[PDB]
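Structural description and commentary
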Amino acid sequence: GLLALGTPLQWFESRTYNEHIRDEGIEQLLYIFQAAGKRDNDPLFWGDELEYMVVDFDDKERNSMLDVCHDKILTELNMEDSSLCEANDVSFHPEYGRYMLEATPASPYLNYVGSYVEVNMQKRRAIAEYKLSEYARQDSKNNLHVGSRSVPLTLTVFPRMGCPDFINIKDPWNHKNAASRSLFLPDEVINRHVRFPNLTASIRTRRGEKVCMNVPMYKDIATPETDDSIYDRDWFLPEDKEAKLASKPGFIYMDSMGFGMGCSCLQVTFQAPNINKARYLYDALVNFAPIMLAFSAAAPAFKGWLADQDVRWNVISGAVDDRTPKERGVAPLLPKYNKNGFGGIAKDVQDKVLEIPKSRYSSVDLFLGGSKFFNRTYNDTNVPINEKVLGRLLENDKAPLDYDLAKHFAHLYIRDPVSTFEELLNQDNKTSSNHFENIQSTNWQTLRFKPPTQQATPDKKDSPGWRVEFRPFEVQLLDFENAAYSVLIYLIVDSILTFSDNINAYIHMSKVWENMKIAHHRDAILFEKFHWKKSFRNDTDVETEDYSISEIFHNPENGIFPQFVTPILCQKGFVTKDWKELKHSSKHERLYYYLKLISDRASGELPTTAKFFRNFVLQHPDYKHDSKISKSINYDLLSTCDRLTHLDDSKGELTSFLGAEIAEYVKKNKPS
Ligand SMILES: N[C@@H](CCC(=O)N[C@@H](CS)C(=O)NCC(=O)O)C(=O)O
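Structure determination for this entry is recorded as X-ray crystallography, at 2.50 Å resolution.

This is the structure in structure tokens:
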């Protein structure tokens, strides 16, 4: 569906409600516990979300741009084409990008659904393409977008974001971009739902400096010493003068929310049998996140530069980092504007400000605990909390919480609201969870623990229960890939839920955070090592050693395959002892190829999308050995991507990306 309409409050106007919003949200959370805390036997309903970028291929000029003009597609698919969607069990939603689409199945899958995930993804893609060709026909007859061809591509990152000629709008700088005030992204990159410009404005104002994300540059033989795309400008104060102080030699400089939230990923949500199992699951997935981040890398470039990392994560992390310099333990870049480092924080609350170590978009901070292997000492990192929120979740007449669970909520609640409508200031806290969602939904982490609504009382069997979202996977080009990774997480989750008495996955959170930095490094999948529990079938044992991705997927003692995937496939009867027996299964041949794709990438036999893009740029005739992605490199790159997305081996590129065996396999067999 669409986000329903409202008037956003600008930050200066909204900040005087921070405490009102937090208070009432907590009350709502208490009502939700009171009402749904006792749900049980909830079934394993689950679903993926994909995010797409509509690219306008201008073949005559050899230029691929983001198409910021067919954005009505999201309204049409939710009005007069909504019946197309439902008949097809798909659903479409807006995302940050004006050029982005988000789409999910219309109903959750129930337990194992084989190839249906891929089938449902393809339908999402076909309905998008269909709508695009309808616009192409209308456009033609009104002489609009001549020589343009729009295609939706599931790219993690647009390699030419905020570079010249990257959006299909003539002369986008002939007016100002008051929302982001970016040097590089005109505000037309932003979806027109008021929420998105608003979040963009509030975070910038609250911070009192532009968001800033410095990404190490790939260091090739002729690479400039600095990011020579930086220029000086005079539209905005303090912002146009920040760049020279915020940038750093040998780093791509990014300065706007759309560089981050203008990226795409694959997200998967699961419903646990009840809250306790949801905690158990969420805790167990914590260290899988850095690992699947590295394993799925798809983002080797930003703002036109080959980067020295392969994932989006830290970029999205900085793109919505509302921490004032005081909050980050640092001097403002421009002290006469950012007054004492408190940016836009109210004068009457500066005394209560905290040094906070991590962006509101960052890895899980705390295990929730509550299961037999948990021990509070595994939460061994710096996690500031809202003491007031802790107190009240601890001591209240609706649903008093255990201290570990109270601490998680208390940590999420150290942030202010960054987007609030005036209509909605006063809600009925027994029926509404909108204020809790304000803060829940703007703490973006590697997982999300999702309480349900106050309507989900245990007798409502069909309501959503307690859920866990697995958020780190970079999105891939092919529906085949994205289905594989969706099923991978599915099997891992099912393994975790079926074997809960036996699987102890606890490790010290600090190792996980370290894992999150390693997962960024260029070619991490191919040689880096990550702290990984040495055994799972083992009460009290929280020892790790350092293992490559290959070992992490394949070690008998503690690998993803022999300890998660294979065991659940045995017990469901898909195989008698090994995941590879599936090559010969009648019912399950496709599951073998998903797993083989996963196994082969985890061991370096086949390349990540990030790798394949890095190679392509490096081996391009026009590449100038300087790390720059030209209009023309970007065009062929995305043309390749387009063919790949479509299983088109006419140039041997699918065979080069997937290898012969999988390439033939997917060309010769549609999902059913
Ligand atoms: N594109 C993001 C995931 C999607 C996301 O976090 N979207 C933001 C956009 S502001 C959001 O909060 N979406 C839900 C909403 O806007 O209500 C990623 O790769 O992590």
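So that's the structure; there's more coming.
**Structural notes on the overall build of the protein**
From N to C terminus, the protein includes 23 helices and 15 strands. Each principal axis of the C-alpha distribution contributes one length, and for the protein these read about 70 × 65 × 55 Å. The contacts in the protein between residues at least 6 apart in sequence include a share of 76% that link residues at least 24 apart. A total of about 25300 Å² of accessible surface is found on the protein, and carbon and sulfur atoms cover 51% of it. Distance between charge centroids for the protein: 1 Å, based on 82 positive and 95 negative side chains.

**Some thoughts on the site of the ligand**
Around the ligand there are 17 residues in total, and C263, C265, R312, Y361 and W444 lie nearest to it. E51 is positioned with one of its side-chain polar atoms (N or O) 3.0 Å from a nitrogen atom of the ligand. Contact between the ligand and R195: an oxygen atom at 3.2 Å from a side-chain N or O atom of the residue. Against a free-state accessible area of 500 Å², the protein chains account for coverage of 87% of the ligand. When residues in the shell around the ligand are grouped by element, the largest group, 3 residues, is from helix α6 (residues 195–207). Among the residues forming the shell around the ligand, the class breakdown is 9 nonpolar, 3 polar and 5 charged.

**Observations regarding the pairing of strand β4 (residues 100–105)**
Within β4, 6 of the 6 residues are buried, leaving the element largely enclosed by the surrounding structure. Inspection of the sheet shows strand β1 (residues 45–58) paired to β4 by 4 bridges, in the antiparallel sense. Residue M53 lies in a different strand from β4, and its bridge partner there is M100. Counting the residues between successive antiparallel strands, the hairpin from strand β3 (residues 90–93) to β4 contains 6 residues.

Definitions and cut-offs
Residue labels reflect position in each chain's written sequence, counted from 1, rather than necessarily the entry's numbering. Residues lacking coordinates are not shown. Water and hydrogen atoms were dropped before computing side-chain values, which therefore reflect all heavy atoms in the structure. Note on conventions: DSSP H or I runs of at least 4 residues are helices, E runs of at least 2 residues are strands, and numbering of each starts at the N terminus. Here a residue-residue contact requires only that any non-hydrogen atoms of the pair lie within 4.5 Å. Note on areas: these come from Shrake-Rupley sampling with a 1.4 Å probe, and a residue is covered only by the protein chains present in the view. The sign given to each residue is positive for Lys and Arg and negative for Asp and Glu; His and the chain ends receive no count. By convention, charge coordinates are those of NZ in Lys, CZ in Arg, CG in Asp, or CD in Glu. The cutoff for a nearby residue is simple: one of its non-hydrogen atoms must lie within 4 Å of the molecule or strand. Whenever two N or O atoms come within 3.5 Å, that pair is a polar contact, provided that in protein one can donate a hydrogen and the other can accept it, and provided that, for residues adjacent in sequence, both atoms are side-chain atoms. The classification used treats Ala, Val, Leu, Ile, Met, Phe, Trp, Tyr, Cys and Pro as nonpolar, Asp, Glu, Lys and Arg as charged, and all other residues, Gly among them, as polar. Working definition: with a 1.4 Å probe on protein chains only, accessible area under 20% of the residue-type maximum means buried, over 50% means exposed, and in between means partly exposed. Any two strands with at least two DSSP bridges between them are considered paired.

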